[PDB]
Structure formats: C-alpha cells, structure tokens
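Residue numbers (PDB author numbering), protein chains in the order written: chain G, 2 to 525; chain A, 2 to 525; chain K, 2 to 525.
Think of the CB as a built atom: it goes at the ideal place given N, C-alpha and C, for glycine as much as any other residue.
This report refers to the structure that appears directly beneath it.
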Amino acid sequence: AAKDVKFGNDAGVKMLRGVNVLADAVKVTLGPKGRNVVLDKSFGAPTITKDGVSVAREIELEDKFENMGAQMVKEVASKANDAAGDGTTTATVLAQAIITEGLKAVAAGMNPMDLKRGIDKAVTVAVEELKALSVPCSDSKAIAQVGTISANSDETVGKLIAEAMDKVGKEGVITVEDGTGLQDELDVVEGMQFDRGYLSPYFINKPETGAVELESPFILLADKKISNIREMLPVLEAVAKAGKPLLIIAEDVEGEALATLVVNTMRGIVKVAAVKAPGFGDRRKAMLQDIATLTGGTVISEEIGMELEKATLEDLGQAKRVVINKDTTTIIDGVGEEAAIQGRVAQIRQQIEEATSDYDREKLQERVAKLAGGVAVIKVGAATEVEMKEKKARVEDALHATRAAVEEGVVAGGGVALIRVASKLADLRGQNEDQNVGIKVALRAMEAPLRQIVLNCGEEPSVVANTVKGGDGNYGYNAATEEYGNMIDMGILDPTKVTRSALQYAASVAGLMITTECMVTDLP
Amino acid sequence: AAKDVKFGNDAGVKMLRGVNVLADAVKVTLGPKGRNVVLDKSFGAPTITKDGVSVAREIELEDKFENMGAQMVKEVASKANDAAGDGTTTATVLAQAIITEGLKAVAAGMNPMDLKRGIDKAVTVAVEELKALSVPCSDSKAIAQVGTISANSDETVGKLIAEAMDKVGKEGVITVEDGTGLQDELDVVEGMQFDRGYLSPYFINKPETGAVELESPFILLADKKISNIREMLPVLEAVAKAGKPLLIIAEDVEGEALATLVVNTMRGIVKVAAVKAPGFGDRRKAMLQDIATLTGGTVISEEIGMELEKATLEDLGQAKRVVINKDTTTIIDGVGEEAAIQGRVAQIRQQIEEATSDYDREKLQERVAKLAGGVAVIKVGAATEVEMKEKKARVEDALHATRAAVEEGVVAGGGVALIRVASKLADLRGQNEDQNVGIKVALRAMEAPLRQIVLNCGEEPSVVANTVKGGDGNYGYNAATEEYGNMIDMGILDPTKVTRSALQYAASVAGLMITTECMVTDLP
Amino acid sequence: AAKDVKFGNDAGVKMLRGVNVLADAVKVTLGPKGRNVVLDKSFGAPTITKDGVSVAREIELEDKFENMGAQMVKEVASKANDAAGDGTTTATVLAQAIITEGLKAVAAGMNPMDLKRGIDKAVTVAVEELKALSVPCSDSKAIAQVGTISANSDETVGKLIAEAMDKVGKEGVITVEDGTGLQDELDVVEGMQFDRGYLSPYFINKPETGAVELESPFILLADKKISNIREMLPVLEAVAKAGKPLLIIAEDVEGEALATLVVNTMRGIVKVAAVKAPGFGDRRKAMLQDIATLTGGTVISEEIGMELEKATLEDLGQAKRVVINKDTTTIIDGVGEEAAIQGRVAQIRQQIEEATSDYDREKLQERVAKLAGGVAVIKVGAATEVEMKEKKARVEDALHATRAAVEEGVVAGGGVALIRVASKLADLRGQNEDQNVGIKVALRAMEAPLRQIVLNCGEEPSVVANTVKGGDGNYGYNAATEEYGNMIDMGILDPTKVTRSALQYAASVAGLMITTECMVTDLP
C-alpha cells in the first residue's frame with residue numbers, strides 16, 4: 002500500500018507522543034494508592050479498573066506513528082508479564098523515562114548508539130546489583146510469607162502455596178484445579194506442562210486470564226504439519242458427536258486448517274484449540290510418546306502408516322483440564338493408567354542408563370521430572386461462588402509471584418529496589434561522554450517508578466525519593482501506610498524477576514526506540 | 002486509462018524525491034552501527050528491523066511518479082540480492098548518489114547521454130580495479146574464514162561450509178536440510194539444481210526467505226504448455242487425496258491454470274507450486290528425462306501419446322524437499338534408485354563419447370555434474386528450536402557469502418573497496434567534458450557508502466573517508482570497533498561479487514534514470 | 002506601552018533565530034575567500050561589501066524578539082571593534098556557536114548557570130593559553146611586519162607605522178594627518194588624546210570611519226554641566242560668523258542644548274560637536290587647564306566668575322584637526338605656543354616633585370606623557386586622490402592592528418589560534434557535569450571560525466580543522482593560498498587582543514543570552 006515515511010526527530014517525537022499516552026494511562030494505574038481508569042465498553046456501562054495490564058490492552062491510538070510507539074511499549078511490557086507475572090506497569094513507566102530522557106539527549110545532538118550502549122551498561126550492572134541485593138526465598142516460611150503478601154495479606158493462601166511447593170517441589174508444576182465446597186483441597190494428579198502456547202489469540206475463551214481452558218477435552222496427537230482440513234474431519238466430527246471439546250497437539254498447524262478452526266471458534270461451532278509439540282526432532286517425537294502415555298491416546302506418525310482418517314475415539318487422548326498460556330500448555334489428569342505411565346518412566350530410566358552424553362541425560366532427567374511430577378488440584382473452597390472466583394484469582398497471583406520469587410529471590414518492592422541500585426551506581430562510567438549521559442538517563446529512569454508511586458499518593462515525590470536514596474538497604478516508603486521503614490519487615494516485597502525483567506525489557510524498548518531513524522506506515 | 006504525463010526536469014525531480022525516500026530509509030539501515038527502522042504491520046505490534054532488504058520491500062510511496070522512482074531502485078537493488086546475496090542496501094545508497102549528483106549535473110545543462118557514458122566508463126574501469134584488487138578465496142582455510150566472518154563470527158558454521166564445499170566441490174550445489182538434534186550433520190544426498198524460478202510470488206509460503214519450500218512433495222513432469230485445468234484434475238485431486246503437496250515442472254504454465262493455482266494458494270486449498278523446465282528444446286526434454294530419473298516419475302510427452310488424464314500416482318515423481326528461489330529450483334532426495342540414476346549417468350557418458358562439438362560435450366559435462374553432484378543435508382543442531390532457526394539463517398547467510406566469495410574472490414568490506422577503487426581512478430578521463438563530470442559523479446558516489454557507514458557511527462564522515470583515501474591497499478575503518486587498519490586482518494570482508502554487482506546495478510538505474518525524459522502513469 | 006512578554010524556550014528560540022540571521026550574514030562575510038553581501042540603499046544602486054562590520058550595521062529584523070537577539074550580538078561585537086579594531090565578525094561567529102550549542106544543551110534540561118560558569122571557565126583558561134601562546138611584537142622589525150601584513154602586504158605602510166611608533170613611542174598617540182602630494186611625510190605635532198567620545202552618533206559626519214572629524218575647529222572649554230542654550234549663543238553665533246566648526250569640551254552636555262545641537266547637525270546649520278572632559282573631579286579641572294594650554298583658549302570655570310555670555314573669540318581654544326571616536330577624542334595642532342606648553346610641562350614636573358602618593362605621581366607621569374607626547378602628521382602621499390583615500394584607509398587599518406599588536410602581542414591568525422587553544426584544553430573539567438558540557442560547547446565554538454573560513458573556501462571544513470588540530474604550534478591553513486604551514490612564516494597573523502577580545506565578548510553574549518528567561522518588548 003501507499004506508505005507514509007518519517008525520518009529523524011519527527012519519527013522520534015511521534016513515538017514519544019505515543020509512549021507518553023500509553024505510559025500516562027498505565028502510570029496512573031500504578032500504586033498501592035493507584036488511581037482509577039475508566040475503560041469504555043460499547044456494550045453498556047464502562048469498566049473501572051486499577052490494573053495497568055487491563056488498561057494497556059485497551060490503548061490503541063489514532064495516528065499511526067503514535068500508535069506504533071504505543072504498540073512497541075505495549076508488546077514488550079506484555080513480555081514482562083509473560084516472563085514475570087507482574088511489572089507491565091513498571092516496565093511501561095521505566096520505558097517512558099528512558100525513552101523521554103534519552104530522546105531529550107538525542108535532541109541535544111548526542112550519539113544514539115552511545116546512549117544505547119550506556120543504557121545497556123547501567124542496566125547490566127544494575128541487574129547484577131539486584132542479584133547482589135536479592136534475598137532468597139527458599140523454604141516454606143519464605144514461600145508462605147511471599148504467598149501471603151502477594152495475595153493481599155491472607156495466611157491461608159500462603160499456606161496453600163507453601164504446601165503445594167512442598168509436595169511437588171519448587172521446580173515442579175503447580176496449576177490449580179478449582180473448588181468443590183468450603184475446604185481448600187490439594188493433591189498431586191498426573192499431568193504434564195510443556196513450553197508450547199496457543200497458535201492464535203482467537204482460541205481464548207477466558208480473556209480475563211489470557212489463556213485457553215478446556216474442561217474434559219479430547220487430545221489429538223499429530224506428528225505431522227497440519228495444513229489440510231480433509232484429514233481432521235473424522236476427528237473433528239467425532240468430537241462434534243462427542244460434544245466434549247478438542248485440543249490438538251501437532252508438530253505444526255499451518256494456514257488453512259488453522260484459520261479454519263479460528264473461524265470455528267469465531268462462530269463457536271466446535272470448541273477446538275491447537276498447540277505445537279514440545280521441542281524439535283526425535284525428542285519431540287519421544288515427548289509426543291509420553292503425552293500419548295498420559296492421555297491414553299496414540300501417536301499418529303508417518304512411520305506407522307496411519308492417518309487422521311483412520312483415527313478413532315480410542316486413538317485420541319483425553320484429559321480433564323488443559324490450560325494453555327501464551328507460551329505454555331499444561332495437561333491435567335489424563336486418562337492413562339499408572340501401569341503404562343510408570344512403565345514408561347522405568348523405560349526412560351533405562352534410557353538414562355544407556356545414554357552417552359551428560360546433556361542427553363539432563364534432557365531425560367527433565368523428562369522424568371515432567372512425567373513423574375504432577376499438577377495441582379487446589380480446590381479453592383469458599384462460602385459463595387464470588388469468593389471462590391476472587392479467591393481463585395488471588396491464589397493465581399500468589400502462585401505467580403511465589404513462583405518467580407522462588408526462581409530468583411525477592412527484593413524490597415514498591416520501587417525501592419530500582420532506586421536502591423540507582424543509588425549504588427553513581428560512580429558507574431562509560432567509555433566516552435555519551436555513554437555517561439546514557440548511564441545517567443538510565444539511573445534517573447530507575448528513580449522514576451518510586452516518583453510515580455509517591456506522586457499517586459499526593460506526597461512530594463522528590464522529597465520521598467531523596468530520602469529513600471538517603472537510606473540504605475531495604476529502607477523505603479510504604480506508600481499504603483505512608484511510613485518509612487524496612488520494606489521486608491513492613492511486608493512489601495516484589496520478586497527479583499519482575500523487577501529485573503521490568504528493567505531489562507524497558508531497556509529493550511529504550512534502545513530499540515532511541516536508535517530508530519525511520520518509521521514506515523500506511524496512510525490515514 | 003487517463004494518464005498523467007510529465008517531461009524533463011519535472012520528471013527528474015519526481016524520481017529524485019522517490020529515490021531520496023527509499024534511499025534514506027534503506028541507507029539508515031546501513032551499518033555495523035546500523036540504525037533501526039520501525040515497519041508497521043496492521044496486525045498488531047510493529048516490527049523493528051536493521052536490514053534494508055526488509056525495509057525496501059515495505060516502501061511504496063503515495064505519489065505515482067515518486068513511487069516509480071522508488072520502485073525502479075527497489076527492483077534493480079533486488080536484482081543485486083538475486084545475483085549477489087547481499088548489497089541491496091549498498092546498491093541503493095550508490096544509486097542515490099549517482100542519481101543525485103547526476104541529476105544535479107543534468108540540471109546544469111550538461112548532456113545526459115555523455116553522463117551515462119561517463120558513469121558507465123568509470124563503472125567499467127572500477128569493476129576491473131575490483132578484479133585487480135580482489136583476494137582469491139580458494140581453499141578450506143579461506144572458505145572457512147569467510148564462513149565465520151559472514152556468519153557473525155562463529156567457527157562451527159565456517160567449518161560446516163568448508164566441509165560441504167570440500168565434499169561436493171566449490172562448483173557444486175549446496176543447500177541445507179535442517180536439523181534433527183544437537184549435532185550438525187552433513188552428507189551428499191541425490192538431487193538436482195536447475196535455473197528456473199517460481200512463476201508467481203503468490204506461491205511463496207516462507208516470505209522471510211523469499212522462496213517456495215515443499216516438504217515431501219510430488220513432482221509432475223510435463224513436456225507441454227499447460228494452460229488448461231481440465232488435464233490437471235486427476236493429478237491435482239490425486240494429490241488432494243494424497244495430502245502431500247505438488248510441484249509442477251512444466252514446459253510452461255500459462256494463464257488459466259497458472260492463476261487458478263494462484264487462487265488455490267490464496268485460499269490454501271491444495272498446496273501446488275509450478276516452475277518451468279530447465280533450458281529450451283531437445284536438451285530441455287533430456288533434462289526432463291534426467292529429473293524423471295531422479296524423482297522416480299516419468300516424462301509425459303506428446304510423442305509417447307499419454308496425457309495428464311492418464312497420469313497415475315506412479316507417473317508423478319516424488320522427492321523429500323524442494324526449494325524454489327526467484328530464479329533457481331533445487332530438488333532434494335528424489336525417490337529414484339542408484340541403478341537407474343547411475344545407468345543414466347553412464348548413458349550420458351556415452352553421449353559424451355558420441356558427441357561432435359566441444360560445446361555439446363560441455364553441456365553434457367554440466368549435465369553429469371548436476372546429475373552426479375548431490376545436495377547437502379546440513380543438520381543444524383542446536384539446543385532449542387530458536388537457536389536452530391537463527392543458526393539456520395546464519396548458515397544460509399554464510400552459505401551465500403561463501404558461495405559468491407568462491408565465485409569471484411573477496412575484497413575488504415565495509416565500503417573500503419569502493420572508495421579504494423575510487424582513489425585509484427582519479428586520472429580517468431572521458432572523451433568530452435560531460436563524460437569527465439560523469440566520471441567524477443561516479444567516483445564521488447563510490448565514496449558515498451563509507452560516508453554513510455561512518456555517518457551512522459556518528460563520526461565525521463569526510464574525515465574518515467579522507468583518511469581511508471589516504472591509506473593504501475585494504476586500509477580501512479572498522480566501524481564496529483571504530484579502529485583503522487587492515488580490513489582483511491581485522492576480519493571485515495565482502496565478496497567481490499556483492500560489491501561489483503552493487504556498483505554495476507546502481508550504475509544501471511543511474512543511467513536509466515538520468516537519461517529519462519518522460520514519465521507516464523495513471524491519475525491520482 | 003502594551004508589552005508582549007515571552008518566557009523560557011520560546012524566548013530562547015526567538016533570540017536563537019535572530020542570532021542565526023545576523024550571524025549568517027556576518028559569517029558569510031568572513032574569509033580571505035570571503036563572499037559578497039549586497040546591502041540595499043534606497044538612494045540607488047546597492048552596495049556590495051565583504052566586511053562584516055558594514056553588514057552587521059545594516060541588520061535589523063522585523064520580529065521584535067529576533068531583533069533583540071540580533072541587536073545584542075551586534076552591540077557586543079561592536080564592542081569587539083571598539084576595544085580591538087577588528088574581530089566583530091569573529092565574535093559574531095563565536096557568539097553563534099556558543100549560543101547555538103549552549104541553547105541546545107539547555108533544551109536538554111541542563112542547568113543554564115552551570116553552562117555559563119563552564120563557558121566562562123573555558124574562556125578564562127583559553128585567554129591564558131592565548132597569552133602563553135602569543136608572540137611579542139616589540140621592535141621596529143616586528144612592528145613593521147605586522148604593519149605590512151595588516152595593510153594587505155605593502156612594505157611602505159609598515160615602514161611608516163614603524164617610524165611613527167619609533168618617534169612617539171609604542172605607548173604614544175598616533176593618528177594621521179593626511180597627504181599633500183606624493184611623499185609620505187611624518188612628524189610630531191602638538192596635540193592630546195583623551196578617553197572621551199562623542200555624546201551622540203548624530204554628530205558623525207564621516208560614517209565610513211565612525212568618527213567625528215573637524216578641520217580647523219574652535220574649542221570651547223566648559224567646566225560646568227551644559228543644559229541651557231542661552232549661554233551658548235555668543236559662542237555658537239561667534240562661530241557662525243567665524244564659519245569654522247565648533248567642538249565643545251564640557252564637564253557634561255545634557256538634554257536641551259545637547260539634542261538642540263543634534264538638531265543643528267540634522268539640518269546642518271552650524272557644525273558643532275560636543276564631548277565630555279577627561280576624568281572626574283579636580284584632576285579633570287587640571288586636564289581642562291592643560292587642554293586650555295594647548296588650544297590657546299581659557300578654562301571657563303565658576304571659581305573665576307566668568308560665563309559663556311562673557312566668552313569672546315580669544316576665550317575659545319582652537320586647533321587644526323580634531324578626531325572623535327566613540328570613546329576617544331584626539332586634538333591635533335592646537336594654537337598655543339611652546340612657551341606656555343613647555344612651562345606648563347615644567348609646572349607638572351614640579352607637581353611630580355610635591356606629590357605625596359605614588360599613584361598621584363603615576364597620574365602626573367601620564368599627564369606629561371599626554372602633554373609632551375604629540376600626534377602624527379602622516380601625509381599619505383599618492384598619485385591620485387583615490388590612492389590617497391584607499392591608502393589612507395589601509396594606513397589606519399595597519400595602525401589599529403599594529404597598535405593592538407604592540408599592546409598584547411601577536412598570534413597566528415586565520416582562526417588557527419582559537420582552535421589551537423581549543424586543542425590545548427581537552428582535559429579541562431568543571432565541578433559538576435553541566436560545567437563539563439559548558440566547556441565542550443565553548444571549545445567546539447572555538448573550532449567554529451576556522452570551520453567557517455574553510456567553508457567559505459569550499460573545502461571540507463572538518464577535514465582541515467581536524468588537520469590543524471593534528472598540527473602543533475602555529476601550524477594552520479593559509480586559506481588564501483590553500484596551503485598548510487606555519488602561519489607566522491606564511492605571513493598570517495592576528496593581534497592577540499582582537500582574538501582574545503573576540504572570544505571574551507562572544508562569551509559575554511553567550512552567558513547573558515543562555516541565562517535569559519524572559520523577554521519584554523512592544524507589540525507588533
């Protein structure tokens with residue numbers, strides 16, 4: 002199509018206006034004193050929210066260039082959710098501060114590549130100062146306390162997450178089968194988590210979570226690229242006679258059958274969602290064999306000779322609940338019995354015995370960890386359905402924050418850790434001058450989220466931020482109770498991975514937007 | 002339709018504004034310090050890129066005349082890819098410099114034909130100075146080092162390309178069958194490369210490469226012009242029952258069946274792509290007989306009497322992977338066995354015996370080179386799928402640059418070779434005066450890419466370019482590390498064919514745009 | 002009146018556009034390859050000029066704020082003439098460079114007061130590096146050579162200035178009585194130079210020089226503030242009967258009589274110009290007594306009792322030629338005889354004897370230096386009147402440049418000295434960061450005049466300036482002959498006072514324009 006093309010500082014100020022719009026809405030969502038945002042829905046009454054994840058999804062600007070700036074920061078901040086579980090808002094505010102002060106410094110004629118290298122230098126060293134600043138979250142006391150604090154101060158949720166990580170292991174897979182009464186049950190049921198997500202967002206039937214959940218679905222295990230609908234039809238219509246939904250685990254699903262099933266979920270004819278097989282090559286064939294062991298069904302491969310026309314209801318696998326994230330699919334309570342599963346585990350122990358390299362044995366120890374691990378039934382008991390759904394959502398929030406907290410340790414939250422590693426790096430210098438101003442842009446940006454939280458309190462932000470720089474360690478400003486003090490003692494803590502990931506991804510849009518010269522889009 | 006027609010310097014400045022837009026975007030992609038370009042996609046978040054090949058595809062301007070200038074430089078720079086594998090960006094910057102300084106000289110009333118002859122003179126002599134300046138890349142050490150340097154400094158890739166060119170020969174065909182694990186495998190499998198491309202770009206299912214890849218396809222070998230769909234239907238529907246895709250190798254595919262299959266790939270009904278037979282006449286019938294020997298299938302010719310209605314599944318040929326470039330189709334691991342293939346080779350040795358002319362024997366030595374050569378399985382092993390796809394792309398980049406490097410030798414890259422042969426030709430003169438100013442426009446243009454790279458560093462371009470002119474040999478400016486020195490020693494090298502082809506094709510749009518008087522287009 | 006008021010960066014960019022207009026015209030006047038400027042005169046044919054002094058007088062912009070920026074740089078650059086004799090153009094280009102790069106740095110949010118202190122720091126240290134870099138111009142060989150080089154390479158002019166400074170002394174007063182033939186005469190005649198200028202520019206009858214010259218005028222010596230016309234009338238009308246013009250040396254001339262005489266010079270009725278008495282207090286009464294001794298007339302003071310009504314033609318003093326600069330008045334060949342003058346000198350020797358403090362004796366040694374010194378008759382002989390006026394103007398130019406050259410020494414001209422002390426101060430640092438960027442703004446600005454001269458040559462300015470930074474000492478670029486080399490050997494030299502004064506006054510408008518927040522003017 003006919004493209005509009007902008008160069009230089011025109012491109013820079015267009016992206017800067019887009020990041021200012023997105024970043025202003027998402028930044029007024031940021032606080033324990035966070036302000037409301039009224040998002041319009043054309044159905045009826047609008048939705049009031051305080052979460053910047055829900056606000057940043059709605060933002061899409063009219064002018065194409067400003068829209069491109071907003072969609073850049075939206076995209077990479079959503080990567081901060083997908084790697085972190087929180088911190089889209091913090092990565093958006095940090096992204097506004099690096100891009101704003103950075104483009105002011107480029108407008109002063111400084112070299113943009115030296116700014117990018119300076120920002121990446123202060124970001125790298127500040128990441129290492131977070132890892133030197135992080136307190137580990139190792140045992141059921143710390144797992145419990147991060148569970149309580151993350152789930153809005155409830156002890157029973159932290160006891161649940163501590164018991165579940167105590168059972169399956171901190172490395173293990175924990176997702177949640179929900180409640181059937183008043184009691185909060187918990188046990189290991191046989192399933193498998195693998196790092197493949199949904200193929201298109203149009204399979205999402207639960208958009209408040211951002212996932213594809215299927216209850217009692219069938220599972221088709223295909224070791225081929227699926228592009229043709231004409232094989233799928235006895236499976237899809239055997240499902241349409243069965244009524245229970247259908248999950249595809251294929252080598253790939255491309256084009257015609259893929260967007261066809263997207264149209265099937267558009268009209269809601271047959272509930273089918275599709276994901277890829279985990280891994281590549283012969284080990285993805287072996288992992289499809291393990292999923293075939295769990296779900297009861299059978300690998301349909303070209304070496305056997307079977308096709309999807311010859312597939313029956315026995316050939317499909319089946320489970321009770323599958324949950325599909327953007328990058329990760331978990332399968333909960335497949336049909337297959339402990340004789341075939343356990344004998345399969347013993348066969349993979351045998352493959353540990355006759356493996357040569359240590360790396361292959363590492364892959365097989367990961368594979369018996371997946372196959373022997375198990376997923377959680379965490380029956381969130383409540384009095385009513387409302388407390389079960391809300392308490393379910395708080396259990397998932399404590400599950401994410403506790404998961405990242407036991408991955409990479411925990412730091413003093415509330416924007417204190419960023420400004421603390423900003424205070425530790427005043428003497429960091431680069432090679433030439435524009436790296437030095439890139440470092441100072443980066444550190445001033447690390448100050449900016451505490452400035453924003455205290456600004457949402459209505460207090461004077463430079464005073465409180467200068468006092469938090471005056472303190473040492475985890476001394477920060479509890480913005481909810483407006484009290485200075487030790488953030489670990491006062492019970493505010495963010496995982497190191499949400500802070501580190503927020504800073505790193507804000508550095509990524511920072512560098513990739515400062516070093517932009519040209520912008521190409523369609524005409525309005 | 003009703004046409005708008007422009008003459009003279011109006012036409013000249015419209016093309017000059019189009020070349021300035023395209024050339025500015027593609028020229029800010031140019032560097033080891035190359036800047037980003039934000040390309041919009043209407044699906045969602047935009048794509049950040051540093052490659053001018055991806056930027057120049059997106060450029061299409063609103064005004065029709067400026068669009069025509071941009072599409073001229075786009076077209077012939079894409080010819081610099083298709084003949085070279087790199088240097089679309091360099092041919093675009095060179096094209097901007099010759100067209101800009103040239104149209105300034107035509108605006109001073111000078112004769113445009115003498116400018117065209119002057120530019121072609123300095124271009125011809127500068128090509129011969131590149132061939133006198135080129136260092137040969139002959140053995141596995143040089144093949145290895147160009148392989149490492151071209152693939153972003155990795156020794157294992159250069160060892161792979163050196164082993165593959167060691168096996169099949171530097172004249173041989175090497176494309177890549179991909180990985181099935183961690184190991185990087187490599188062996189000769191029986192296939193054939195021939196110089197016929199796809200018939201329409203709408204068969205392209207992998208647009209990031211710019212090719213048509215078909216995995217386990219059937220191959221229909223037709224010795225007739227195909228314009229009628231009504232013969233194709235037992236073949237196309239025997240394929241649609243078979244499910245595996247279909248490649249047509251015809252004498253020609255014209256009109257109705259061609260655009261019909263384009264509609265089949267538009268809706269994705271049956272995956273069929275079509276190419277022409279290699280060569281013309283009785284030798285294209287013999288090469289179809291050799292492809293019939295490789296793929297197991299049979300030549301369908303009018304002299305036998307068969308048609309496409311009488312075609313069966315045995316009559317179609319079959320291979321494992323075919324890859325179709327814009328001008329070249331390779332067929333990898335056809336079904337046919339070594340008895341028929343080897344006996345066919347012996348028959349073509351017999352045809353070498355009973356040939357008369359030396360030229361025919363040259364064609365048959367090319368034909369046993371194709372039939373006895375073999376294509377590569379280069380299993381790019383990696384830990385994950387991401388490193389396998391990215392490492393695959395770097396293997397293809399080192400394969401292209403190593404291929405052109407062993408075709409025509411290697412020169413000091415980074416814009417040093419162009420400005421070096423610009424320095425060697427200060428005393429070149431033409432017949433009359435306007436040829437002299439055409440030569441100086443050409444040489445100043447050869448200076449321009451180093452000016453652009455150093456400008457993307459932020460350094461002073463006329464200083465660094467005047468110092469590189471002050472040096473001799475391969476003394477240049479390593480713009481990544483900002484260090485002067487011997488470019489061959491510091492590990493920057495471009496093939497002579499990408500530099501020579503960039504300069505020659507930029508001279509082609511230069512002459513064909515300077516000598517333009519009239520422009521005819523539709524109305525806005 | 003109703004005022005328009007602008008604040009902040011709006012005020013900054015308005016002054017920046019004014020300084021850009023003035024500075025662009027005056028900067029294209031700058032060179033030995035200096036370009037022409039066509040100044041319009043409404044009388045008739047326009048005037049072509051290459052001198053930035055004549056261009057900067059004409060510049061007055063339409064918009065009031067831009068006019069204020071232009072008039073600031075005009076004013077203080079005219080102070081660089083009045084203290085230096087040259088370098089209005091150089092102070093304008095330097096002022097553009099500090100104000101431009103400085104306001105870019107303030108637009109990056111840096112502190113303007115730290116920029117002002119940084120610029121003043123690098124300016125102070127660069128002044129001391131000029132004084133460490135200056136070669137002294139002490140004897141008649143050096144005085145002669147600066148005289149020749151400054152007067153466009155003529156040896157006879159340098160011999161004249163060397164003989165005149167040899168006679169009266171380098172501290173002495175030399176102005177020029179003009180020619181009466183072909184010979185270039187020179188002798189000491191009795192006069193006095195004192196540091197008082199004209200009261201209004203509307204007495205200027207020779208605007209090409211910027212002075213008030215009166216030939217055979219009468220001199221009225223008034224020890225009172227003159228505000229009333231009704232005393233002046235027997236003096237003014239005794240002059241109007243005498244016909245020869247009238248110079249007033251008063252204590253002060255204020256208001257009514259002052260602007261009245263301005264109206265007399267507007268209609269040209271009686272040629273009267275007025276200046277103040279030299280010094281303040283009782284010593285200004287004594288210096289009026291010495292001027293009364295020289296000119297033959299008499300001090301009219303209130304202690305005697307006389308008034309201006311009782312003044313006669315004998316009471317007025319008289320001389321042959323008086324020349325009045327903006328700050329300095331010289332009186333040439335007064336009537337009074339050597340008996341009264343010499344006896345007055347002996348009386349001031351007696352006052353040296355009976356003085357107490359050393360300071361008073363310093364003032365009296367200055368006073369016998371003035372009274373015993375003498376002014377020059379430098380009869381500029383030529384063939385025609387045109388060579389006498391042009392050769393007169395070159396004698397005055399060599400007189401100014403030789404005068405400043407023997408005041409403060411001589412440096413390598415042509416913008417080499419500024420960039421040389423810019424090269425010597427790379428390691429100069431301030432207290433905090435914005436002083437460092439103020440220093441780098443200052444040094445980059447010191448590079449800018451050589452950039453402008455080489456830009457007027459058409460050569461590449463960053464190349465030549467980087468080579469002049471590569472050299473050491475007085476190695477520079479003779480831009481007339483386009484040859485590198487020792488500027489003292491190649492005969493390009495500027496006085497240290499015109500370079501030092503150009504840099505200091507450009508620093509003055511630099512600081513006083515960077516630290517401007519508000520601008521107040523009338524409405525358009």
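Grouping DSSP H, G and I as helix and E and B as strand, with all else coil, what is residue i?
i                      : result
residue 129 of chain K : helix
residue 111 of chain A : coil
residue 176 of chain G : coil
residue 195 of chain K : strand
residue 422 of chain K : helix
residue 138 of chain G : coil
residue 467 of chain A : helix
residue 60 of chain G  : coil
residue 218 of chain A : coil
residue 488 of chain K : coil
residue 247 of chain K : strand
residue 68 of chain A  : helix
residue 291 of chain K : helix
Taking buried to mean at least 16 other C-beta atoms within 10 Å of its own C-beta, is residue i buried or exposed?
i                      : result
residue 421 of chain G : buried
residue 39 of chain A  : buried
residue 377 of chain K : buried
residue 4 of chain G   : buried
residue 348 of chain A : exposed
residue 267 of chain K : exposed
residue 350 of chain K : exposed
residue 387 of chain A : exposed
residue 219 of chain G : buried
residue 234 of chain K : exposed
What distance in whole Å lies between the Cβ atoms of residue j and residue i, which are believed to be in contact at a cut-off of 8 Å?
i                      : j                      : result
residue 252 of chain A : residue 228 of chain A : So it is not a contact: roughly 11 Å between Cβ atoms.
Among the options, which residue has its Cα nearest to the Cα of residue i?
i                      : options                       : result
residue 361 of chain K : K:158, K:9, K:283 and K:303   : K:283
residue 507 of chain G : G:477, G:487, G:449 and G:523 : G:449
residue 383 of chain A : A:158, A:226 and A:518        : A:158
Are the C-beta atoms of residue i and some chain D residue less than 9 Å apart?
i                     : result
residue 68 of chain A : In the structure shown, chain D cannot be found, because the protein chains are G, A and K.
task: Check whether the segment 159-168 of chain G touches the segment 398-416 of chain G, counting contact only when three or more Cβ pairs, one atom from each stretch, lie closer than 8 Å.
output: In short, these stretches touch, since the Cβ pair count reaches three.
message: Three or more C-beta pairs under 8 Å: does that hold for the segment 113-121 of chain A against the segment 511-522 of chain A?
response: With a cut-off of 8 Å, the segment 511-522 of chain A and the segment 113-121 of chain A count as touching, because enough Cβ pairs lie within range.
message: When you compare the segment 434-454 of chain G with the segment 93-113 of chain G, are there three or more beta-carbon pairs, one atom per stretch, that lie closer than 8 Å?
response: Segments in contact, yes.
query: Can you find at least 3 beta carbon pairs, one from the segment 362-374 of chain G and one from the segment 386-394 of chain G, that sit closer than 8 Å?
result: Between the segment 362-374 of chain G and the segment 386-394 of chain G there are fewer than three inter-stretch CB-CB distances shorter than 8 Å, so the stretches are not counted as touching.
message: Using 8 Å as the cut-off, can you tell me whether the segment 333-341 of chain K makes contact with the segment 277-297 of chain K, which would need three or more C-beta pairs spanning the two stretches below that distance?
response: Yes: at least three Cβ pairs fall under 8 Å.
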